[PDB]
Amino acid sequence: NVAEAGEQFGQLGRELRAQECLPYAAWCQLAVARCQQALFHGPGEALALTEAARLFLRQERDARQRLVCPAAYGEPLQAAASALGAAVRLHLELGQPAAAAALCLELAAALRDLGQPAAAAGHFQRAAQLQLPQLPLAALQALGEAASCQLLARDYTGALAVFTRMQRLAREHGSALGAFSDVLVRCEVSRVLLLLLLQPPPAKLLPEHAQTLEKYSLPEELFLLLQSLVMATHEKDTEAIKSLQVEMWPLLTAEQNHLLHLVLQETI
Amino acid sequence: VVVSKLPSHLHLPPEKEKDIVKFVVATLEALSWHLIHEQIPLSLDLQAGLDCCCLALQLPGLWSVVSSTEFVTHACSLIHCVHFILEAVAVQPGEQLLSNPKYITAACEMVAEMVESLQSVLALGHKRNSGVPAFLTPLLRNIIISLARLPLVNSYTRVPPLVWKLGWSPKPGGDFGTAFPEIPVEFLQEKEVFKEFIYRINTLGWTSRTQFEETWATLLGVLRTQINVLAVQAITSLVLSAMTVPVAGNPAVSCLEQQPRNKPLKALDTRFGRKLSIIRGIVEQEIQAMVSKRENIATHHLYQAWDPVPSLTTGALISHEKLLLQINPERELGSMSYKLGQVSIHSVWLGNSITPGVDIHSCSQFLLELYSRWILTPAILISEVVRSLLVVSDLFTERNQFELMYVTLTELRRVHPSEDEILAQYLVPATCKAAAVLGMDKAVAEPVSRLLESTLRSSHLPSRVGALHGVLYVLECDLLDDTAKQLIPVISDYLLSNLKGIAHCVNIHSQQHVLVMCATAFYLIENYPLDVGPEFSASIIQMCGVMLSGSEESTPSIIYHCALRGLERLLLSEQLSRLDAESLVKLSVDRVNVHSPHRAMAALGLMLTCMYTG
Amino acid sequence: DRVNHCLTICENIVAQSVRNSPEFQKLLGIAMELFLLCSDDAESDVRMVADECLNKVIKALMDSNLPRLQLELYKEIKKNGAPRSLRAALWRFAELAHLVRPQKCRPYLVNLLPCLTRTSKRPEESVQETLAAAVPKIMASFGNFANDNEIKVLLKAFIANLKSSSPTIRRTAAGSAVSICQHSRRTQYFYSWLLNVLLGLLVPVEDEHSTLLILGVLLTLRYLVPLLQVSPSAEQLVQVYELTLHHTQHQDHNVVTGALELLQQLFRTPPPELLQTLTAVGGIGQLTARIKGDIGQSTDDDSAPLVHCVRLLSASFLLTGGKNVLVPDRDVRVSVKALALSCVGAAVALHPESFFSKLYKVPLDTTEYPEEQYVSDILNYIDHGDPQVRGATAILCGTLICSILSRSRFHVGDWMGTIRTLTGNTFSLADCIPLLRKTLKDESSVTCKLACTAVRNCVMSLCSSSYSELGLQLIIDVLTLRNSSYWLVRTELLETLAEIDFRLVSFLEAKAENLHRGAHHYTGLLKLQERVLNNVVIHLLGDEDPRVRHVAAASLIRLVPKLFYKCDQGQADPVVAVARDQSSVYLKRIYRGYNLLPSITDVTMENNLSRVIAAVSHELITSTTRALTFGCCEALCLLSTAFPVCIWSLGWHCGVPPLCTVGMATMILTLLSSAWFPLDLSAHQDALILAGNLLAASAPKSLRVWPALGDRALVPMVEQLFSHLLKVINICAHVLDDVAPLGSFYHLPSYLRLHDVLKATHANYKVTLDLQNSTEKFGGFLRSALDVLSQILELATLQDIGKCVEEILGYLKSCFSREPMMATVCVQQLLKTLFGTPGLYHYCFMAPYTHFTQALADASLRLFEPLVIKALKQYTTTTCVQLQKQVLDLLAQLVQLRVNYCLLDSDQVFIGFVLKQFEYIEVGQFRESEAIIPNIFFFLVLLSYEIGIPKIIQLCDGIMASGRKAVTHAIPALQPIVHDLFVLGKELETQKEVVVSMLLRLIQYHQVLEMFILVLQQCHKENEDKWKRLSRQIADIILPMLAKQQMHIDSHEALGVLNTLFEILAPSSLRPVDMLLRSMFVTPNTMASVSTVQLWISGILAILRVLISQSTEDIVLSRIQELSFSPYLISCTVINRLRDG
C-alpha cells in the first residue's frame, strides 16, 4: 500500500533528477521519508532525508557557487537545515552518533562553502561533540576545520578556546602517536601566534598558556624562528619581525600566515 | 579610503591623477620585480600595493583615467602584475589555478582566467582557496572584479569560454584590439554556456547604459524549461543590478541598498541624547570592526564601515553614525545582500507619492505583462516566477502594478492546488506585500489572514519563514482594521510556543527562523503595544533572558547580537514600563562578565544605555 | 513448443534430488543427449535456451553425478558432427576437464587424443577458435600422464596445420602446440624437440618457404620465447636470432610484423644463454669457431651483435642515411615503425652503447651526402604525426636513460667521455629529457599512457643519479596529469608513484634551492608527499571505475613504507632515512586475526601507517559522494590485509580503548547498518573483512552475555556484527535452497533487498559457466562472510553459542556445496569453541656491529556427523586442493580431541584413498601434490598414537628414493615426522636412527638443517655422549660438503641456519681445527659462474665465523703452521685462469 507509493515517489524523484530541476525532486524525497515514517523503518527515512538534503545543498551550490548571483537569499539552506535536523534527530533516537556527526559535518562544509562561517563553526563543534567517545581522530579533524571557520569569522578567542581544547584532547589520547603529532604541530604554531595576536592579561591567562609562554620565552627551524619571534614581539622590535616573516613564509601554511600577518599588523 | 567622505577642498586634485595611476603601476611593478629577483617583499608591502591598487580602481575619476587609450600599457601592466602575484601564491609549480600587439591578447585571456579563478580559487571558505593566505581574498576578489570592467577586457570576458571552445571568432575593433561584438543567442539555447554567461553578468555587473540595454534585449531574446528558469533568474539579477546605490551597478564599490522599517528614534537628538549617541557610535564602530562582515569594505582599515541606505528620486548616502538603530534586526551586522526586507513600505509610500540611470519602469511593465501572460505551464517555472515577482516587486513606482500583481496572485492561488509548499513559501510574502502596498480593506485583509493562518501550520520550514515575513509586512504601516487585528494574537501564541521550546538549545534548531521570529516579535512589541498583553512582553523578556544567559556554543554570536540589538531598540523607545527595564538591568549586570570579548562589548553598550533612560 | 520442451525437461532434471540411481542415470543421459540436440537448430533463441539449460544442468549437477556428464560429453565429442554442437560440447568438456579424479585420467586421455587430432584436422573456423580455447586447459589437466610418442604425434598433427591461409587456424595450431609442450612431461626436452622441428622447417632461408608458413612458424616461435626460462642449447637460439634477422627484409606487409613481434618479445623476456651471447663483444664468432652501405653482419669481431642489430633495423626501417629526416609512410607501414621502435628500445635497454653507434660502419658517398648521421634521429620521431610512434620514442628515451644509469654505475661523465672519444655523436641525456617532458603534455591518450610508462621505467633511476633535477621536473610534470579522460592513463600515473621512495625525494627537495620556484617564480614549500598522498591517491580512490579504485588501493599499500614524514623519533634527517633503507638490505593455534606475542615493532612504519589511515578515514567519514566510500573501504581492507592490525596495532589506534586496540570499528559498524552500502558487494565483503579485523585486534588486552570479552564497552559491537553475520549467512542459505522468505531476516526490511541482489547474481552465476574465477561476487561474498565468522568465533564461549549452535550448523548444511574450502574452517573453529579452546653512526655501523658482537659472545657458549560425512565424501570426490588440506586439518583437530573413531565404524576406505593418493604422488601424476602432503603426514602421525609409524617411514622412503625435487615433496613430508617423534622403547630408538639417517641423506638443503637444529636441541637435553657422537658424525659429513661446494646455502636464511647449527654444534667436535681449515682454504672448480662463487664464499664465511667465535687466535695459527697452507692459494693469476676457465 505504502511501499508502492514510496517507489512511485522515488521514480518521480529520479525522473526529476534526470530533468534536473531540484527543489521538487527533494520535495518528493521528503514525501518518501514521510511515507517511510508512516511505517516503522528506521534508516531508510534517514536515507531519503539525506538525499533530499543533498539535492537542496546542490541547488544552493548552483545558486551561489556555480552562479554567484546577487538575487539568491538561501531558501534551500533553510530547507536542508530542517531536513538534516530531522535526520540527526532520527539518528539520535536510533542511537548511532557517528552517522549524525557525518551529516552535521556535511552541513558544516556546505555552510562554509557559501561565505557564512559562524553557523559552520557551530555545526562543526556540534559534530565534534557527537564524536567524543567513539572516534577522537574525527573529533580532532572536525575541531580543526571549526578552528579555521572561527578564524574566518574573526572570533579569535573562540579559536583560542578550540585550539586549547584540541591540544587537551590530543594530549589525553596521544601516547605523539601518529597524526596526533601533526595536530600538535599545527596547534602549537597557531596557539603561539594566537597568543601574540591577542595578548592576554595574567588574570584570564589559563595555566596552559603559561606553559607555552614559559616554553617560548615540531621542526627545528620553525621552533627556532617562532621562539625568536616571541622574543622579538615581547621586545617590540619591528625590523626583527620584518626580516623574520620573509624567512617564515614557506614554513607555514596559508591560515597561519594570516595569523602571522595579523601579529605583524598589531605591533605596527 | 578617506577621500570617499570628505568635503571638496580635501578631495584629490584632477591634475595629479595621471601621476597617481602611474604610481600604482610603479608599486605593482615593484612588487613583481621583488617577487622575481629576491624573496617575497613582505605582507605589509604586498598588502600596501594591493590596497593602493584596489582603492585606485575603486574611485570613479581614477578609473576613468585608466580607461583611456593613452594608458593601455599601464592597464596591461596592472593585469600582468596582479596575475603574476596571484600565480605566485596559489599556483604551485607545475599546476594551474583550476582544472595589434601580443600582450593585449595575453591580458584578455588573463582576466578571463582570473574571473574563472574568482569562481574557483578566490572564494572564502572553499577547499581550493586554502593556499591563498586569507587576508588577500577580499582584496584580490575586489581587484579582479574591478579589473574585469575595464573597456579593454569587458567585451572579451563577458563571452564565456565555451563559445571560444566552439567555432566563433569575429574581427573586433574599437580603437582597442579587443572590442568583440555581442554573443549570438543561438548558442545560448545550450544550458552550460548560458550558465557561464549568467555567471559573467552576475559577477561583472555592467557599465554605461548601452551594455545594460544590450544584455536586456538579448536576455529577452532567450525568451527546455531549464533555459526558461535560468532566464528568469538572470532577469531578476539584471533588474536588481540597477538597485545598487552609489555608482549604480558595480559589484566592487556597491551592494543592494536597503530601507529601514524601524522609525527614527525620539529619545535621541535632545540636549542629553547626543553624547549618548557619540558613546554608542564609538562602541558600535569597534563592534563592527570586530564582528562585522566586510562586504562593503575591501581593505584592512578599521575606520570605514558604511551603510547603503539613501536619503529619501534618490538622494545622497547616509553616514553610519547617524543610523544608530535604524538597521532592521533581521540583518547580520554588515552583510549586504538580499534578505526579503530591503525596502520598507514607508519608503515606497513616501518616495513615490502614493498613500492609501536606466528606465526600469518599462522593464518592470514588460516583466508584469510577460508574467501575467505566463500565469493565466509546468510547476517549476511557475514557482520560480512567483519568486521572480516577489524579488522584482521592489522596483514598482505605480499602484496599478501592485493591483494587477495582487489580482494575478489571487487568481494563481485559485488555480493552483494546495499541495505545493514551495510555491507556498514563494507565494505568501508576495501576497502579503501586495496587500501591504495597497490599502488594507476587508476583501484584502480577510484572505491574506486566512492564508497566513493556514500556512503557519505547514510542515515546510521556509513556508514558516515566509509566513513570518508576511506577518512582518502586514504589520508595517497600514492602519490595521479593528476586525483585522483580532486575528493577530494567534501569532502571539505561536511566538510563545516556539520561543519556550527553543529556550535552552538554540543552534540545533535553525539559524534564521528564530532570528526573524524574534525580529517580528520585537516589531510587534514596539509598534502595537496595546494589541497584545504586557504579560507577553514580560514573558519575552524572560525568554530573551534565557537567550542571552546561554553558553557560547549554545546561542551563536549572530543570535546574541540580534537579541541584544533588539532589546536595545526596545529600550531606546519609551514604550516599555520600568520593571521590565529593571529586569533587563539585572540581566545585563549578570551578562557583562562573560569572557568572550564582543559579547562583553555589546553587553557593556547595553549597560551604558540602561543608565541613560533614567 | 520445443523451447518449452527443453525447458520443462531441464526442470524435470533439476527438481529430482534423487541421485545415484540407474534409471535416473539413463534419463539423465538421454536428457543430456536431447539437450545437445536442442542446440542444433539454425536459430538464435532456441540455441540460447539450449545453451543456458545445458549450463544450468552442468553446474547444478556438478556435485553429485560428475563423470556420467563428462562421459556423455565425450560420447558426443567423438561424433565430430555439426560445428556448433561439437564446439559447445568441446569447450564445456575443456571447462570441466580439471574436475576429474587422477585415477580416471589416463583412460580419458587415451580415448581423447584421436578425436583431438580429428578436430585438429577440421577446417571450420569457430571450431578452430574453441579448439585454441580448449587445448591448454585440457593439457594442463591431462598433460603429465601422457607418454612421449603420444605428445609427439599430437605435435605432428598440430604442426601439419601450419601451412594454411587462414590466420585463425595458424594461431590455434601455434598456441595449442606451445600449450601442449608447456605442460607435457619433461618440458625442456620437448622445447628442444620443438625448436629442432620448427627450425627443420626453416632449413636454409635461401629458398621459397610458402610465406604463410613463415607467419605461422614465427607465431609459434613468438609463443615459444617466454617459456624458455636435454636443455635447449645456445646454437639453437642464435639460429633463431639469425632467422629473425634475415626475415626482417622480406617483401610483405605481414611477415615483417611477425618478425618484429618475435624479435621484440625475444628482447623483452629473453632466454639467458642467448642474452649472454648477444651482449658479448665478439659473440657469434665464438659460436661459429634500402640498405646501400656496409653495415657489417653479426659475425665480425670488435663489435657486439646488438650493434649490428640496431644498425640493420634502423637503417632498414625508420631512417634515411643521408639526412635527419623521417621516412615517409608511403614505403613503410606505421605499425612496422612502432614495432621497430619497440625492438630497438629493448635493444638499447640491454646494451645502451648501440644507441651511440654510427649507423653506417663505412662513411657512405661523400659527394651525394655531405654529413653522416648516427642513430640519434631515432629520437626525432616525437614530431611524427601518428600516435603510437611518439610514445614509442618516449619509451625509448625512458629505457635509454634507465639503461645508461644502470649499465654504468651512475658515473655519467666518465662513461660519456669514453663514448664521445669512441663514437663521434654529441649527445647528452638532457637532450631527450625535455623531449620526454614534451610528450607528456600531448593530446591523444595513447601517447600520454606511453609517456607515463616511460616515466615508470625512468624516474627512480633518474632521481638517484647526478641528473636528479630533471627527475624532480619529471615528477611534477607527471603529477599534473591525474585527471585525463581515460582510465588507463589514470592507473598508469598512479602506478608510477607507487615506485618512488619519497625519502630520496624529500632529500632532493631540502637540498634544492631554486627548484621550489620552478616556473613563474613561486614562493613557498613544495609538499610532494602531501600533493601525492593526500591529493592524488586518496582522491583517485574517488573514481567510478572499480579498476582505478582497486589499483589506487594497491598503490597505497606500496606507498606506506617509503613516505618519510618529518621528524619522527627514529629517522630524523632524510639522509638517515635513506641510509636506513639501504643498510637494512645490504648490510644485514589461533586464526589469522590475532596474536598474543609482545611483537617488537618499528616506529616510522607506525607513524606513516597512522598518518595514512588518518587521511583515508577522514576521507571516508566526510565523503559527500558515493563511490569514495567503496574506494576507501577497499583501501582499508587492503591496508588491514597487507599490514595486520594485530602486528601494527599502534598504527591503527585512535584512542578508543586508550591506556590491544580496537581502532575505527564504530564508523564501519555504522556503515554496514545503513541501507545503501550492502546494495553492492564489491566493497561490502571488504568492509566485513575490515570489521572482523578491527574487532579482532583488541583480543589480549580485553579478554582477562559474551563473558570472555571482559571489556563491557566493547560487548554490543561484536554482538551486532555477530548477529549481522548470521543474518547474512541465513540469506545465503535461502539462496542455495530455493525458498522464498535468532538469525532471521523475515521482519527486517533492509535485508530483503540484499536477498534480491544475491538471487539476481546467483541466477547470473547459474546461467553462464566459468569455474576458475577469482572475481566472483556471490562466492567471494560467502567466503568473506564465513571467514569473518570464523575470525569472530574465536572470542565466543559455550554460554554464547550453546543456544545457537544448531541453526549455524543448519545454515552450514546448505552452503557447503558452493564453496567448501572456507566453509569447513567455520566448522573447525566452531568445534574449537565447543570444547574449551638514530644518527647514521647508529644505523650504519654501531647497532649492527653490536648485534654482531653480541651474537659472537653468545656463540662462544554431538551433531557434527552429517557435515563430517559430507566433508569426507567431498574430499574423496574433489580435485581442488585447499579443500583437501582443510578437511585434513579438520580431521587433525578432531583426532587431537579424544573422540572415538566411530566415523569409520565399519570400514577404513578413507585411509585406502589416502594411500592411493600416495601412489600417484610417488609416480608424479598428481598436479598439486605440494600443498597437501605435509598435512597428510601430520594426519598420519597424529593417527599413530592409538597405523604404526614404520608404515609412515616406509611411505616417506618411497617418496624420497624415487621422485621429483625434494624441496617441495620430501622435506615437508619429513617435517611432522621429525616434530612429533623427537619432541614427543628400543623400537623407538630404531625408528630414531632410521629417521636421522634419512635426515643425513638430505643435508644439502637448509630446512633439513632446521630439522637438525631440532635434533640437536632434543638430544643435547637427553644425553651428551650421543650428542657428541652425533655432532662428530654431522661435522665430518658436513665439512667436505662445504669444501666441495655441494651445499645449497645460497639463501641468507640458509646461511643463518648454518651459523645457528655451528652455534648449536658441540665444541668438542670442532676442537681439532684441521678439518675446519682443510675445508676453509679451498678453491672451486670454476668461479666463472656466479652461484659457484656464492656457494664458495658462503661456505668460507660460514667457517670463518666459527674460526672467530668458538676457538682463539694462537690455536688456529699453530694449526695453520703445522699444515702447509700456501698464501698463493688464490693469487691474481689463479683467479685470472679461473675466470678464463
# chains A, B, ... in the order shown; residues from 1 in each chain; ligands from 1
>>> residues_around(residues="residue 401 of chain B", least_positions_apart="2", cutoff="12 Å", atoms="only C-alpha atoms", output="MDAnalysis selection string")
chainID B and resid 361:362 364:369 372 389 392:399 403:408 434 437:438
>>> write_last_selection(atoms="N, CA and C atoms", output="mmCIF file, in the first residue's frame")
data_model
loop_
_atom_site.group_PDB
_atom_site.id
_atom_site.type_symbol
_atom_site.label_atom_id
_atom_site.label_comp_id
_atom_site.auth_asym_id
_atom_site.auth_seq_id
_atom_site.Cartn_x
_atom_site.Cartn_y
_atom_site.Cartn_z
ATOM 1 N N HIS B 361 11.116 51.459 -15.355
ATOM 2 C CA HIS B 361 9.659 51.465 -15.451
ATOM 3 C C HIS B 361 9.173 50.580 -16.594
ATOM 4 N N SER B 362 9.759 50.753 -17.783
ATOM 5 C CA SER B 362 9.375 49.953 -18.942
ATOM 6 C C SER B 362 9.790 48.499 -18.775
ATOM 7 N N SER B 364 10.024 46.864 -15.903
ATOM 8 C CA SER B 364 9.105 46.273 -14.941
ATOM 9 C C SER B 364 7.733 46.036 -15.555
ATOM 10 N N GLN B 365 7.262 46.970 -16.389
ATOM 11 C CA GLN B 365 5.967 46.798 -17.043
ATOM 12 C C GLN B 365 5.988 45.624 -18.013
ATOM 13 N N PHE B 366 7.090 45.465 -18.755
ATOM 14 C CA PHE B 366 7.225 44.316 -19.642
ATOM 15 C C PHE B 366 7.313 43.016 -18.860
ATOM 16 N N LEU B 367 7.965 43.046 -17.694
ATOM 17 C CA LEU B 367 8.014 41.861 -16.848
ATOM 18 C C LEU B 367 6.630 41.480 -16.340
ATOM 19 N N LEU B 368 5.828 42.470 -15.934
ATOM 20 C CA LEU B 368 4.466 42.185 -15.485
ATOM 21 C C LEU B 368 3.604 41.626 -16.602
ATOM 22 N N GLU B 369 3.733 42.178 -17.810
ATOM 23 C CA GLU B 369 2.928 41.696 -18.929
ATOM 24 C C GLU B 369 3.315 40.272 -19.311
ATOM 25 N N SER B 372 2.128 37.890 -16.344
ATOM 26 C CA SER B 372 0.684 37.704 -16.353
ATOM 27 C C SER B 372 0.237 36.886 -17.555
ATOM 28 N N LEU B 389 8.664 37.625 -9.252
ATOM 29 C CA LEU B 389 7.874 38.822 -8.998
ATOM 30 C C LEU B 389 8.023 39.288 -7.556
ATOM 31 N N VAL B 392 11.341 41.183 -7.692
ATOM 32 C CA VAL B 392 11.417 42.367 -8.535
ATOM 33 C C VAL B 392 10.385 43.412 -8.134
ATOM 34 N N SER B 393 9.451 43.072 -7.244
ATOM 35 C CA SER B 393 8.381 43.989 -6.868
ATOM 36 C C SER B 393 8.824 45.207 -6.062
ATOM 37 N N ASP B 394 10.098 45.272 -5.690
ATOM 38 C CA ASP B 394 10.620 46.444 -5.007
ATOM 39 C C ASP B 394 10.792 47.641 -5.934
ATOM 40 N N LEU B 395 10.854 47.421 -7.243
ATOM 41 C CA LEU B 395 11.131 48.480 -8.204
ATOM 42 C C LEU B 395 9.904 49.281 -8.604
ATOM 43 N N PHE B 396 8.715 48.871 -8.181
ATOM 44 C CA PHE B 396 7.492 49.341 -8.815
ATOM 45 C C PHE B 396 7.116 50.720 -8.301
ATOM 46 N N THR B 397 6.858 51.644 -9.227
ATOM 47 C CA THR B 397 6.500 53.017 -8.893
ATOM 48 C C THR B 397 5.080 53.376 -9.326
ATOM 49 N N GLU B 398 4.164 52.410 -9.339
ATOM 50 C CA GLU B 398 2.775 52.692 -9.670
ATOM 51 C C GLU B 398 1.883 51.702 -8.936
ATOM 52 N N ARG B 399 0.774 52.210 -8.390
ATOM 53 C CA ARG B 399 -0.126 51.377 -7.600
ATOM 54 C C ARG B 399 -0.866 50.362 -8.461
ATOM 55 N N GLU B 403 -1.709 46.412 -8.051
ATOM 56 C CA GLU B 403 -3.081 45.924 -8.162
ATOM 57 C C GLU B 403 -3.163 44.723 -9.098
ATOM 58 N N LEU B 404 -2.520 44.821 -10.267
ATOM 59 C CA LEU B 404 -2.502 43.693 -11.191
ATOM 60 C C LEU B 404 -1.695 42.536 -10.616
ATOM 61 N N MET B 405 -0.650 42.858 -9.843
ATOM 62 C CA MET B 405 0.112 41.857 -9.105
ATOM 63 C C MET B 405 -0.776 41.088 -8.136
ATOM 64 N N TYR B 406 -1.590 41.814 -7.368
ATOM 65 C CA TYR B 406 -2.430 41.189 -6.356
ATOM 66 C C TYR B 406 -3.527 40.341 -6.982
ATOM 67 N N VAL B 407 -4.142 40.821 -8.068
ATOM 68 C CA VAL B 407 -5.223 40.043 -8.671
ATOM 69 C C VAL B 407 -4.670 38.818 -9.400
ATOM 70 N N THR B 408 -3.462 38.927 -9.978
ATOM 71 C CA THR B 408 -2.853 37.761 -10.605
ATOM 72 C C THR B 408 -2.420 36.736 -9.571
ATOM 73 N N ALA B 434 1.900 42.571 -1.576
ATOM 74 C CA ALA B 434 0.906 43.168 -2.457
ATOM 75 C C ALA B 434 -0.270 43.719 -1.672
ATOM 76 N N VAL B 437 1.213 47.177 0.062
ATOM 77 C CA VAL B 437 1.282 48.437 -0.673
ATOM 78 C C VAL B 437 -0.104 49.055 -0.807
ATOM 79 N N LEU B 438 -1.116 48.234 -1.063
ATOM 80 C CA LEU B 438 -2.470 48.749 -1.167
ATOM 81 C C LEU B 438 -3.056 49.003 0.218
#
>>> interface_residues(of="chain C", to="chain B", cutoff="10 Å", atoms="only C-alpha atoms", output="number ranges by chain")
C: 473-481, 483, 515-527
>>> interface_residues(of="chain C", to="chain A", cutoff="8 Å", atoms="only C-alpha atoms", output="ChimeraX atom specification")
/C:523-525,566-567,606-608,610-611,614,618,621-622,624,650-651,654-656,658,664,666-667,670,674-676,749
>>> write_last_selection(atoms="N, CA and C atoms", output="short mmCIF file (atom, residue, chain, number, x, y, z; two decimals), in the first residue's frame")
data_model
loop_
_atom_site.label_atom_id
_atom_site.label_comp_id
_atom_site.auth_asym_id
_atom_site.auth_seq_id
_atom_site.Cartn_x
_atom_site.Cartn_y
_atom_site.Cartn_z
N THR C 523 56.62 31.26 -4.54
CA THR C 523 57.16 31.27 -3.19
C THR C 523 56.40 30.31 -2.28
N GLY C 524 57.14 29.53 -1.51
CA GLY C 524 56.56 28.57 -0.60
C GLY C 524 57.11 27.18 -0.82
N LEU C 525 56.76 26.29 0.10
CA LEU C 525 57.21 24.91 0.01
C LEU C 525 56.49 24.16 -1.10
N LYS C 566 58.19 13.97 8.49
CA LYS C 566 59.30 14.74 9.04
C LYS C 566 59.38 14.63 10.55
N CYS C 567 60.60 14.38 11.03
CA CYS C 567 60.99 14.44 12.44
C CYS C 567 60.26 13.39 13.28
N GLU C 606 54.98 2.77 12.00
CA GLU C 606 53.79 3.12 12.77
C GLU C 606 53.35 4.55 12.50
N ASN C 607 54.31 5.46 12.32
CA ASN C 607 53.93 6.85 12.07
C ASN C 607 53.37 7.04 10.67
N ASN C 608 53.99 6.42 9.66
CA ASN C 608 53.44 6.52 8.31
C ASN C 608 52.10 5.81 8.19
N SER C 610 49.86 5.30 10.69
CA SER C 610 48.87 6.11 11.38
C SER C 610 48.49 7.34 10.57
N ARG C 611 49.46 7.95 9.88
CA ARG C 611 49.14 9.12 9.07
C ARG C 611 48.25 8.76 7.89
N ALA C 614 44.79 7.95 9.07
CA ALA C 614 44.07 9.16 9.43
C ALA C 614 43.53 9.88 8.20
N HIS C 618 39.58 10.02 7.29
CA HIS C 618 38.97 11.34 7.18
C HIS C 618 38.24 11.50 5.86
N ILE C 621 34.89 9.42 6.26
CA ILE C 621 33.82 9.92 7.12
C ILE C 621 33.05 11.05 6.43
N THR C 622 33.75 12.02 5.85
CA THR C 622 33.11 13.19 5.26
C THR C 622 32.96 13.10 3.75
N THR C 624 31.20 13.32 0.60
CA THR C 624 29.97 13.87 0.03
C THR C 624 29.43 13.01 -1.10
N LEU C 650 49.67 -0.29 17.10
CA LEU C 650 49.81 1.12 17.42
C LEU C 650 49.74 2.01 16.20
N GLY C 651 49.52 1.45 15.02
CA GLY C 651 49.26 2.27 13.87
C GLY C 651 47.80 2.61 13.74
N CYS C 654 43.23 4.80 17.55
CA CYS C 654 42.61 6.11 17.54
C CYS C 654 41.91 6.32 18.88
N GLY C 655 42.61 5.98 19.96
CA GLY C 655 42.18 6.31 21.30
C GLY C 655 40.90 5.68 21.79
N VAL C 656 40.41 4.62 21.14
CA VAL C 656 39.11 4.07 21.52
C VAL C 656 39.18 3.22 22.79
N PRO C 658 41.75 3.61 25.22
CA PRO C 658 43.05 4.23 25.50
C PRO C 658 43.63 3.76 26.82
N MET C 664 39.08 1.98 14.46
CA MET C 664 37.87 2.57 13.92
C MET C 664 36.82 1.51 13.61
N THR C 666 33.83 1.59 14.97
CA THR C 666 32.50 2.12 15.19
C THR C 666 31.94 2.74 13.92
N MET C 667 32.77 3.45 13.16
CA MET C 667 32.34 4.02 11.88
C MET C 667 31.94 2.94 10.90
N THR C 670 28.67 1.36 11.92
CA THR C 670 27.59 2.16 11.35
C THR C 670 27.42 1.90 9.86
N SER C 674 23.60 0.70 7.50
CA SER C 674 22.80 1.54 6.63
C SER C 674 22.05 0.69 5.61
N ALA C 675 21.38 1.35 4.68
CA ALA C 675 20.59 0.66 3.68
C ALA C 675 21.08 0.90 2.27
N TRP C 676 22.16 1.65 2.09
CA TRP C 676 22.70 1.88 0.76
C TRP C 676 24.07 1.25 0.55
N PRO C 749 13.43 -5.13 6.93
CA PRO C 749 13.11 -4.71 5.56
C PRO C 749 14.29 -4.20 4.75
#
>>> interface_residues(of="chain A", to="chain B", cutoff="7 Å", atoms="only C-alpha atoms", output="list in words")
residues 67, 68, 69, 70, 71, 73, 75, 78, 79, 81, 82, 85, 112, 113, 115, 122, 157, 246, 254, 255, 257, 258 and 261 of chain A
>>> select_by_dssp(residues="segment 5-100 of chain B", states="alpha helix (DSSP H)", output="PyMOL selection string")
chain B and resi 17-37+43-56+60-66+72-87
>>> atom_distance(atom1="atom CA of residue 232 of chain B", atom2="atom CA of residue 416 of chain B")
20.2 Å
>>> residues_around(residues="segment 225-240 of chain C", least_positions_apart="5", cutoff="12 Å", atoms="only C-alpha atoms", output="ChimeraX atom specification")
/C:178-179,181-183,186-200,202-205,217-220,245-247,259,261-278,283-289,298-299,305
>>> decode(residues="segment 599-607 of chain B", atoms="N, CA, C and O atoms", output="short mmCIF file (atom, residue, chain, number, x, y, z; two decimals), in the first residue's frame")
data_model
loop_
_atom_site.label_atom_id
_atom_site.label_comp_id
_atom_site.auth_asym_id
_atom_site.auth_seq_id
_atom_site.Cartn_x
_atom_site.Cartn_y
_atom_site.Cartn_z
N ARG B 599 30.78 39.81 22.90
CA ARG B 599 29.58 39.69 23.73
C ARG B 599 29.66 40.62 24.93
O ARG B 599 28.68 41.30 25.26
N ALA B 600 30.83 40.69 25.57
CA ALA B 600 31.04 41.63 26.66
C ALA B 600 30.98 43.07 26.17
O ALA B 600 30.49 43.93 26.90
N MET B 601 31.43 43.32 24.94
CA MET B 601 31.37 44.67 24.38
C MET B 601 29.93 45.14 24.19
O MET B 601 29.57 46.25 24.61
N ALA B 602 29.10 44.31 23.57
CA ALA B 602 27.74 44.73 23.31
C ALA B 602 26.91 44.74 24.58
O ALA B 602 26.02 45.59 24.75
N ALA B 603 27.20 43.83 25.53
CA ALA B 603 26.53 43.89 26.82
C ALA B 603 26.97 45.12 27.61
O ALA B 603 26.18 45.66 28.40
N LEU B 604 28.20 45.58 27.40
CA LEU B 604 28.65 46.81 28.02
C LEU B 604 27.94 48.02 27.42
O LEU B 604 27.63 48.97 28.12
N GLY B 605 27.69 47.98 26.11
CA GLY B 605 26.87 49.02 25.50
C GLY B 605 25.44 48.99 26.01
O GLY B 605 24.80 50.04 26.17
N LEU B 606 24.93 47.79 26.31
CA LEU B 606 23.62 47.66 26.92
C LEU B 606 23.59 48.29 28.31
O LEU B 606 22.67 49.05 28.64
N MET B 607 24.61 48.02 29.12
CA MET B 607 24.65 48.61 30.46
C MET B 607 24.98 50.09 30.42
O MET B 607 24.73 50.80 31.40
#
